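Presented below, as structure tokens, is a lone chain in the form deposited in one PDB entry.
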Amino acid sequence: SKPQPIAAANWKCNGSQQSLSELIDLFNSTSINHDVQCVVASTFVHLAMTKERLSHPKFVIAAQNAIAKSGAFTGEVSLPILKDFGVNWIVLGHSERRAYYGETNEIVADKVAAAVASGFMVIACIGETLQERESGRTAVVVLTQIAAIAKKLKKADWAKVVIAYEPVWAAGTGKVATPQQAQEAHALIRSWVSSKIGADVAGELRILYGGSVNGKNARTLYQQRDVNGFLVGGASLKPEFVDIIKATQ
């Protein structure tokens, strides 16, 4: 059987206290009858209200970024501060932070290693841009990204790691990933993990699809062998997210 699935909401830099409370109320009233870990990654500001008001036992809260240590880093939030706040999940290496906020493969890898060392479950993001895919460089780009992460982990650390594959090449470019394309990318990742880390690790690793997913297409995506759930963007701010959760049966 496939490993336990994950349905993660990446709210990105969005939400009002009122609009997000509506979503949390919906989640609290949702019947989830199978084993799936649901994750709500809100902005730092909204963690207080999500921690307080989420009552559904299958949900955990998550941060969308951090730096490794507390200190003289005005504007940033550290892993120790998040752990003290009760936050045990984190999304790291998102394509938007790789593109906009200076996160090289090695900076992402050090953040993931610090987060694992600090007791987080880590959703580590990798994926290639349209420039990189159109020039036939999916494999070099994606394997280089996960290899950089792997160099700062030991085998036992992968129990705390989740990989999200972002098809950045299909992000607002009008291009679209088929489920077969997503499976092929996930299969590439799992093959590397099996060979470099171990077949035992690869067998239980969650690889989440981080492309455009909605209530309509989620079930078809999840039926691919190497898809273990989702890191959802825009649909995670919509009632639609419930359908993405139930699609991981």
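Between two forms, the rigid core is the largest collection of C-alphas that superpose within 1.5 Å. Heads up: residue numbers just count along the shown sequence, starting at 1. Only residues modelled in both forms are compared.
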item	value
Stretch exceeding the other in mean C-alpha B-factor - 62-70, 188-196	188-196
Comparing 229-237 with 17-25, the one whose average Cα B-factor in the PDB entry is higher	17-25
Candidate residues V87, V108, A177, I126, the one whose C-alpha B factor the record puts highest	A177
From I81, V141, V91, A99, residue of greatest CA B-factor	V141
Third assignment of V112 from its chain's C-alpha B-factors	middle
Where the record places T50 (Cα B-factor, split into thirds across the chain)	middle
Third of the chain, ranked by Cα B-factor, where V168 sits	lowest
Where the record places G119 (Cα B-factor, split into thirds across the chain)	middle
Third of chain Cα B-factors occupied by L208	lowest
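Same protein, other form: the form deposited in another entry, not shown, and the subject of what follows.
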{"item": "Flagged residue of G119, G71, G172, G102 - C-alpha shift reaching 2 Å or more between the shown form and the other one, core superposed", "value": "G172"}
{"item": "Direction of Cα pair change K175-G210 in that other deposited form, magnitude 3 angstroms or more", "value": "closer"}
{"item": "Rigid-core superposition between the shown form and the other one, with residue runs of at least 3 whose C-alphas all shift by 2 Å or more", "value": "169-176"}
